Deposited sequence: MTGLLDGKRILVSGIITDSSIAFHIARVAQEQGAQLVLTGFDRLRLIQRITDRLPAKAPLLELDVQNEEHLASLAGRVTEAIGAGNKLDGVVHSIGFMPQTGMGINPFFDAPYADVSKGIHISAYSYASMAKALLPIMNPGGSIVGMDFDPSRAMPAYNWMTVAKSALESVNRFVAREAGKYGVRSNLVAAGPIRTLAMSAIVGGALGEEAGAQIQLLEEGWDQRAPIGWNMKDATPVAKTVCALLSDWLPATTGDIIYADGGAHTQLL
């Protein structure tokens, strides 16, 4: 008798057992969900990782920059879950920014690199919704992973810019998803350890988080973020869409 009993949910973005999506998938299965997983590039390695999840689930290839993968996705999912069945949830846990746009001077990042990062990190949220909405049930939920980009910070640079774009994309996706009786929301997480001046500033930034968070923040524990995503995939936030839920220990609500 789980929070997600009988729900069919697609989860993208597992690459390691530290991946936020791995914990999302773990909690979702513990709560009764039937999953379809998608992975990028390193499929044999990803299969080895997903073997560590509590239940078996099909793994499909999805490169969000690959138009052919996106064109075939719905059919591939339907084959996996069975004709006449549809998805109740979709989790987007995908991000990438080349090193030039992260860690290197903000100004030295070439647009080619920034563009690739925006494609994967922001545009693909719309891509995946476009592909999947036709196979989603009413009452369904699309959830994307965010971090709060309302203020600039050292190091994350163009990735922050990409999250700013993602939040805007989410609001437009919500308009489209509404036509299908589907919600679209983002979870804005605090820092999670999922793997020199960049490192020093990130350190201060991460140390700041636990001190600002009124309930604390454990950057080694993805479970609170995973549980938040499962809340959004459930029937218990039925009037929330186009929105951002902060799973960050309350840090963004506190100056110090």
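- Going by the record, the unmodelled stretches of the deposited sequence, in order, are 1, 105, 198-208.
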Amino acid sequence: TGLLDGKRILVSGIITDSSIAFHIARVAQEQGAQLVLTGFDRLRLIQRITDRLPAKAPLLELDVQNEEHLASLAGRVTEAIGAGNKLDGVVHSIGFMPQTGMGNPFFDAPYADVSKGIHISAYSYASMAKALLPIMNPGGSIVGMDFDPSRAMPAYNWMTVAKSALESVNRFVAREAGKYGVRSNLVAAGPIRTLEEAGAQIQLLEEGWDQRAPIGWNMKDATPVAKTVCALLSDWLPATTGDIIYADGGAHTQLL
From here on, numbers count along this sequence of modelled residues.
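- Residue 196, present in the displayed chain, goes without coordinates in a third or more of the other PDB entries compared that cover both sides of it.
- Once the C-alpha B-factors are averaged per stretch, 55-63 and 223-231 rank with 55-63 first.
- Just going by the entry, 196-204 versus 211-219 on mean CA temperature factor gives the higher value to 196-204.
- Across 89, 144, 98, 149, the greatest Cα temperature factor reported in the deposited entry is at 98.
- Between the residues 117, 140, 178, 103, the entry's highest C-alpha temperature factor is the one at 103.
- Annotation for residue 37: CA B-factor lies in the middle third of the chain's modelled residues.
- In this PDB entry, residue 43 carries a Cα temperature factor that places it within the highest third of its chain's modelled residues.
- Placement of the Cα temperature factor of residue 155 within the chain: highest third of the modelled residues, per the deposited record.
- Sort the chain's modelled residues by C-alpha temperature factor and residue 127 lands in the middle third, per the entry.
- Residue-level temperature factors show residue 4 in the middle third of its chain, judged at the C-alpha atom.
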